[PDB]
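*Asks:* First the structure, then my questions, so here it is.
As a convention, Cβ positions derive from the backbone with ideal geometry for all residues, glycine included, and neighbour counts pool all protein chains shown. Each value in this text was obtained by applying a stated rule to the coordinates, not by laboratory testing.
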Amino acid sequence: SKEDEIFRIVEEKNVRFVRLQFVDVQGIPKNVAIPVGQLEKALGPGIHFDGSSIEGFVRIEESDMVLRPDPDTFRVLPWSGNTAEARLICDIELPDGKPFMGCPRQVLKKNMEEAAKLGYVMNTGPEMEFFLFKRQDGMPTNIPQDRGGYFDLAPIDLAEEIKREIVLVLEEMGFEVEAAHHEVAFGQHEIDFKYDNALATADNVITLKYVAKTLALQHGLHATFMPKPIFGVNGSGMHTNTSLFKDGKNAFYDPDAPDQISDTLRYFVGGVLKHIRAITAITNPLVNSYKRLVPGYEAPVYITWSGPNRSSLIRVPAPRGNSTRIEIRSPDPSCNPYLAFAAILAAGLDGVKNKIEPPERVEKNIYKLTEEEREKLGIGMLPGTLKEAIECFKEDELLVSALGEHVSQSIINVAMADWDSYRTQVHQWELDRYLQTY
Amino acid sequence: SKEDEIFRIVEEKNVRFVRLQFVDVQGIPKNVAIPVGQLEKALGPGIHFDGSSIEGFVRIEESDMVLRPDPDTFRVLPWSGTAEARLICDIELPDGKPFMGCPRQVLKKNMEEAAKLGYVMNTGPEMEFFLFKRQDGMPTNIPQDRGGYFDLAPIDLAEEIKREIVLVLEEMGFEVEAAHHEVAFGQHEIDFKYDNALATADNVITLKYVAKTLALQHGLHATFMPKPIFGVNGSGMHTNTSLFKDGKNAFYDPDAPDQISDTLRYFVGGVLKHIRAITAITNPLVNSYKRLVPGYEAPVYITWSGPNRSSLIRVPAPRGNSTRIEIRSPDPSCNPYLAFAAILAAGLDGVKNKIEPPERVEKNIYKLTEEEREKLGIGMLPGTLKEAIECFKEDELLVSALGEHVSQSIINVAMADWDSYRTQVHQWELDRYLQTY
Amino acid sequence: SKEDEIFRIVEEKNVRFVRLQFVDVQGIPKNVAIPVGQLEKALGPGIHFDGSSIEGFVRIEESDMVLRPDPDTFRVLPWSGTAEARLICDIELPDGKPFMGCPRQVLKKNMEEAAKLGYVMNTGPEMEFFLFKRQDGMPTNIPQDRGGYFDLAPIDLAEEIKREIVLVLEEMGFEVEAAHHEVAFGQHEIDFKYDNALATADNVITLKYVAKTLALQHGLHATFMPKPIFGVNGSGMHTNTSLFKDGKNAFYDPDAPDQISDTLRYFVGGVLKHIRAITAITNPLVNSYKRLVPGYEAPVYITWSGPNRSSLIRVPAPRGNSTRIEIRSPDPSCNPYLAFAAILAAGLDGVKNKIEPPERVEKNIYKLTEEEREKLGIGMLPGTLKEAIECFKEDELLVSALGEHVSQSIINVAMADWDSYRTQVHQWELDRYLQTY
Ligand SMILES: [Mg+2]
Ligand SMILES: [Mg+2]
Ligand SMILES: [Mg+2]
């Protein structure tokens, strides 16, 4: 069985500790370290723990929970020197064996199972943008490690060595990396890995953030997936490439169709656009996410879909065949990948199941359009603030049902907690603008 | 004539310079210094100047304007040298036509419309302000002391400067009523007697001028910013208002319940009707809405009541020629000329059309639940500056009273501040997300 | 095939990453790092990427491009780790059509046109560059030493790093000819053997990459900026050029005077004809014209001569298969692909139409008077970057050879730099005028 190979690897690689990973609703990694002597117990009945101290999980009066590891996610952490360490991505179950409704990974699993009913397997291949910042007195800052730009090369790109270190580590963990390059903003970078099913890709996203932040710390740096850490430079975003597969073939490809795109592609897009306002509360979960998604500026805030036009929200790149896909450009890397993929799959399937026609394509540069011109074309915009998107998310009956009322309420609780604090704040901008004059 | 006494004062006090004061749409004082030899020219044909560089005035292609001083506003600045004086001015065009973008002219227009019905509006504002330290010649938001409400020295470290301000004000003709330390650190309040809206607005601009000037002489910075420090009280310009007709207080009616005339209730009904749009004038800054925060001890909930200090409109105890309402939503950063005009037009709309106000609310509105407020139908003010500007655009009455020119200037400056504020990355976001994400 | 040997090298040298190199219109190197597992995909269908964020490439609405590597350009970077390799790429569109904005494709096109007549252009540039100190991790313009021409240690403090660069270059297949300290402080020059224009341009981009990378490893900053220090020499990319037809040097003719063929003179006549417009390509920066200053020891005067090192075009002594002309006006900051293409098209226009060059000038052109230069009809290059861009707009031949797309990109970036440069208030102006005016 799978558990036999796990213990075979432990004896050979001399693994002495296993980390039992999972995420809260926010997507922040959590783990318990156990000696390898408890591994038999962890893979059997599971390791109990107190969930009342995890964000958006359970209450104090019913706090006992259980970690149910996923055997396939077993990897050895390469940065271990005598004394190795391994990790297991876990699901959360209740003491009675019932799956915990609030576990984000279980949510994606549920939505993937529903998609399997209809014969669809959603593949996702995200484009992770991130920043590398300096540390000052052991504390992270928002100072770029280099002042380079798009596709730049050393000596303008000062992070070639650490990016080479990150990619190598990932490959050692079974990743198939496709490309790595310096992004537009100062000290911004992008690592792209090969598409996979939603669950494996989500596990990979959480893993990549762990590896990136870890090695950056070893270099005296700080990696951050925050959407808009610096004002005046490009924000980091998570362009999510998506495609549906059915009967082993790309369900989005249809050679006998215009532009060689099937009606399934169009209906999937129609559903995603139909719910995009509510989805943004998931894919752009921070107050800071809307300082990148700002109306009226060079950002994918205008609800449109087009061909290879990189100013719309949903792009349809040139490749066809088994590479036919759609690129959703609104999400940013701070989102919970399990919940983001779940919300996109739910909306897209709602479009396929119900034959939701998408709007006309907009092959023009939407960024250079006038508000009057946008009104004539009926182009709407995404929520402007976090509170705006949460209100939109509350009303989407399909999304709340697809994510579960437990998860949905936790997302609303943490968001409105951040907002109620942010709206009361007095920022430096207000002093710099009014203090001398008034 | 008035001009003759002005020159009598000049020779006695040996005034050598005269400042020609006015304000842009934002309420910021503007002035030109002319030698006393040019005073005869100013009080006659006026002094020409360039209006293209004043906020919300005229374009570059038709920029020549004329300052027309109001002789009643002549005062000698008590900080001499080489004495100096000042004149508040109305802005006119070269052809003698009044410039309908001038805020002071706007108030004059709405008051003339009130005079058509025989009404004269009186106002008396409670001016809250902060006294902050200067660091390297630049102003800061550090309180000059760490005292509180009605505190006495040594806790109150600004007694000597408040004594100087009140003295200067009284020398300038003010009838000061009281001064005291306010709730927040280094916060204070000076109250002066009421007067007609035009007089009171001139007093408001003068008080800020006197307070800010003397604060500078003491190495401090007086600011009328609404919410300069997070976590402490904010500055609020409570505005007491009353209408007078045929010499008597139109808000008083001894034969009525609570001795409140129907003109009072109708006036309140109209103010509450337009209060969502008035807030763009009375609370014009982005920072204004860090004091007018929903769900906190702040006059955010649209209600009117008696002496209950938690409602938006308060009707204090005094009756007779002292009957008044107190509007507590404004803050000191508003343009007093525009704020009084917007309140006057809205209140007269209530009287003109007999707009019944909602039921009073004498309970503690701050301690009500969101569920309780919905049962009583209590609404809220705009939450942000954009929200209020959007409500101000749709108010056809207010835009017509203030004038399309002034209204457009207000919208332009507000959306300018907003488009800059909404794109900023603030420290709060880095403190909240940088370490974990 | 070539692809088979690439994978043979990968296994032996244990290469794990491959960089896909190219350049924007400005000549700045750009690359994408792909794991060696993706190399099979790159050499087949190619690697797609976004071209909207590359300078002077494509718009946002049609941004999907494809990198198509040239297998001949595969080299292993001698600074290993975890070995790394690189491939120079041509940019194509998703439909397989070549992107006519790609500078490397432009040179290819003009070379194909030269092949139509049986000509192959050869180039060998003399690369002058500076070695500067780093302060707080940022580059500076402080010379690493204070030495001069052909100076030896300890005066020359960059012997160890030049030894490293040449070693790396030779390991990358370069045939290095000589290296030495140049005139200015911390200035140096490395010369490598000539080759065809495409090969040599790849060598130029590689040399700057190797020089700048190793300089960083030693804590320095190598810069190919034309005039980074006022009062010392500037960096110049003398460009030796020759044409080959039927395997022999087309510029050599033993039966002719000075053993110079008519093809040589006609080629020179065409280059001089368009040299005012070529300068926008060969000297593309504002800073380029602080080295090309009229009235100083700099190749500014449009002339051609023999081995006289003061003319714009020099015909060195070697004949036979070494007959060449040396164009001394360019500087290292130019895009070598675009510079070689502009020179080729202009020279072929001279050969095609038999354009007679002006009389040679074998005297010291720098020591001539403005009066003397007018008698001989000697012209001058553009004085500023705007002057050269205006001359480049009117050159219908050059714009057609480089292509309307690349030409427009060049004009856009140049006028962008100029509109920013012309509005600046420089320190020189404050030093000259602030105290007295
Ligand atoms: Mg990107
Ligand atoms: Mg008070
Ligand atoms: Mg030389």
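This table checks each residue for (1) within 14 Å of another protein chain (Cβ to nearest Cβ); (2) under 24 Å from C:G148 (Cα atoms); (3) more than 16 Å from ligand 2 (Cβ to nearest atom); (4) not hydroxyl-bearing (S, T, Y).
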position: C:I205; (1), (2), (3), (4): yes, no, yes, yes
position: C:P226; (1), (2), (3), (4): no, yes, yes, yes
position: C:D246; (1), (2), (3), (4): no, no, yes, yes
position: C:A256; (1), (2), (3), (4): no, no, yes, yes
position: C:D262; (1), (2), (3), (4): no, no, yes, yes
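*Asks:* Out of C:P103, C:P143, I need the residue that is out of contact with any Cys (no Cβ under 7 Å at 6 or more places or on another chain), more than 16 Å from ligand 3 (Cβ to nearest atom), closer than 30 Å to C:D64 by Cβ and more than 14 Å from chain A (Cβ to nearest Cβ). Which one?
*Replies:* C:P103
*Asks:* Within the stretch A:207-232, restricting attention to residues that are more than 17 Å from the chain's Cα centre (by Cα) and more than 10 Å from chain B (Cβ to nearest Cβ), which residue is surrounded by the most Cβ atoms within 10 Å (Cβ to Cβ)?
*Replies:* A:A216
*Asks:* Which members of the stretch A:126-154 meet the condition of being in a loop (DSSP other than H, G, I, E, B) and either away from chain C (no Cβ under 12 Å) or crowded, with 22+ Cβ neighbours inside 10 Å (or both)?
*Replies:* Just the residues of the stretch A:126-154 that are in a loop (DSSP other than H, G, I, E, B), to begin with: A:137-138, A:145-151, A:153-154.
Result: A:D137, A:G138, A:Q145, A:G148, A:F151, A:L153.
*Asks:* Related question: Could you list, in sequence order, the residues of the stretch A:155-171 that are facing chain C (nearest Cβ under 10 Å) and within 25 Å of C:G51 (Cβ to Cβ)? Steps first, please.
*Replies:* First, the residues of the stretch A:155-171 that are facing chain C (nearest Cβ under 10 Å): A:155-158, A:160-161, A:163-165, A:167-168, A:170-171.
Matches in the stretch A:155-171: A:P155, A:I156, A:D157, A:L158, A:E160, A:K163, A:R164, A:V167.
*Asks:* Being buried (at least 18 other Cβ atoms within 10 Å of the Cβ) and within 10 Å of another protein chain (Cβ to nearest Cβ) is the filter; apply it to the stretch B:403-421 and report the residue that is nearest to A:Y297 (Cα to Cα).
*Replies:* My answer is B:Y421.
*Asks:* Residue under question is B:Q408, and the condition is that it be out of contact with any helix residue (DSSP H, G or I) (no Cβ under 8 Å at 6 or more places or on another chain), among the polar types (S, T, N, Q) and assigned to a loop (DSSP other than H, G, I, E, B); does it hold?
*Replies:* Answer is no for this residue.
*Asks:* A follow-up question, please. Among the residues of the stretch C:149-163, which ones are surrounded by fewer than 17 Cβ atoms within 10 Å (Cβ to Cβ) and out of contact with any strand residue (DSSP E or B) (no Cβ under 7 Å at 6 or more places or on another chain)?
*Replies:* C:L152, C:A153, C:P154, C:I155, C:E159, C:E160, C:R163
*Asks:* Ok, one more. Within the stretch C:351-359, does at least one residue satisfy the condition of being surrounded by fewer than 22 Cβ atoms within 10 Å (Cβ to Cβ), more than 25 Å from C:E297 (Cα to Cα) and of a type in the set (K, R)?
*Replies:* Looking through the stretch C:351-359, at least one residue is surrounded by fewer than 22 Cβ atoms within 10 Å (Cβ to Cβ), more than 25 Å from C:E297 (Cα to Cα) and of a type in the set (K, R).
*Asks:* Then there is this: Can you list the helices (runs of 4 or more DSSP H) found entirely within the stretch B:283-398 that contain at least 1 residues being of a type in the set (S, T, N, Q)?
*Replies:* B:336-353
Here's the yes/no breakdown for (1) within 12 Å of another protein chain (Cβ to nearest Cβ); (2) over 20 Å from C:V406 (Cα atoms); (3) more than 28 Å from the chain's Cα centre (by Cα); (4) buried (at least 18 other Cβ atoms within 10 Å of the Cβ):
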| position | (1), (2), (3), (4) |
| --- | --- |
| C:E12 | no, yes, yes, no |
| C:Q21 | yes, no, no, yes |
| C:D24 | yes, no, no, yes |
| C:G44 | no, yes, yes, no |
| C:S63 | yes, no, no, yes |
| C:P69 | no, yes, no, yes |
| C:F74 | no, yes, no, yes |
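For every residue, the table says whether it meets (1) within 16 Å of ligand 1 (Cβ to nearest atom); (2) in contact with a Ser or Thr (Cβ under 7 Å, 6 or more places away or on another chain).
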| position | (1), (2) |
| --- | --- |
| C:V58 | yes, yes |
| C:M65 | yes, no |
| C:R75 | no, no |
| C:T82 | no, no |
| C:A85 | no, no |
| C:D90 | no, no |
| C:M111 | no, no |
| C:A115 | no, no |
| C:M121 | no, yes |
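*Asks:* Please go through the stretch C:101-138 and pick out each residue that is outside any strand (DSSP E or B) and more than 17 Å from the chain's Cα centre (by Cα).
*Replies:* Scanning the stretch C:101-138 gives C:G101, C:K109, C:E112, C:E113, C:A114, C:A115, C:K116, C:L117, C:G118, C:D136, C:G137.
*Asks:* Going through B:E396, B:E390 one at a time, which residue ends up being within 14 Å of chain A (Cβ to nearest Cβ) and charged (D, E, K, R)?
*Replies:* Residue meeting the stated conditions: B:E390.
*Asks:* Then there is this: Of the numbered conditions (1) part of a strand (DSSP E or B); (2) of a type outside the set (K, R); (3) away from ligand 1 (no atom under 16 Å from the Cβ); (4) within 14 Å of another protein chain (Cβ to nearest Cβ), A:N123 satisfies every one except a single condition; which is it?
*Replies:* Answer for A:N123: the failing condition is (4).
*Asks:* Hey, can you tell me all the residues within the stretch A:202-229 that are in a helix (DSSP H, G or I) and either touching a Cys at 6+ places or on another chain (Cβ under 7 Å) or hydroxyl-bearing (S, T, Y) (or both)? Write out each step before concluding.
*Replies:* The first filter runs over the stretch A:202-229 and keeps only residues in a helix (DSSP H, G or I), leaving A:202-218.
Passing the criteria: A:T207, A:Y210, A:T214.
*Asks:* Considering only residues that are over 18 Å from the mean Cα position of the chain (by Cα) and within 13 Å of C:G236 (Cβ to Cβ), look in the stretch C:176-195 and name the one that is farthest from ligand 3 (Cβ to nearest atom).
*Replies:* C:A184
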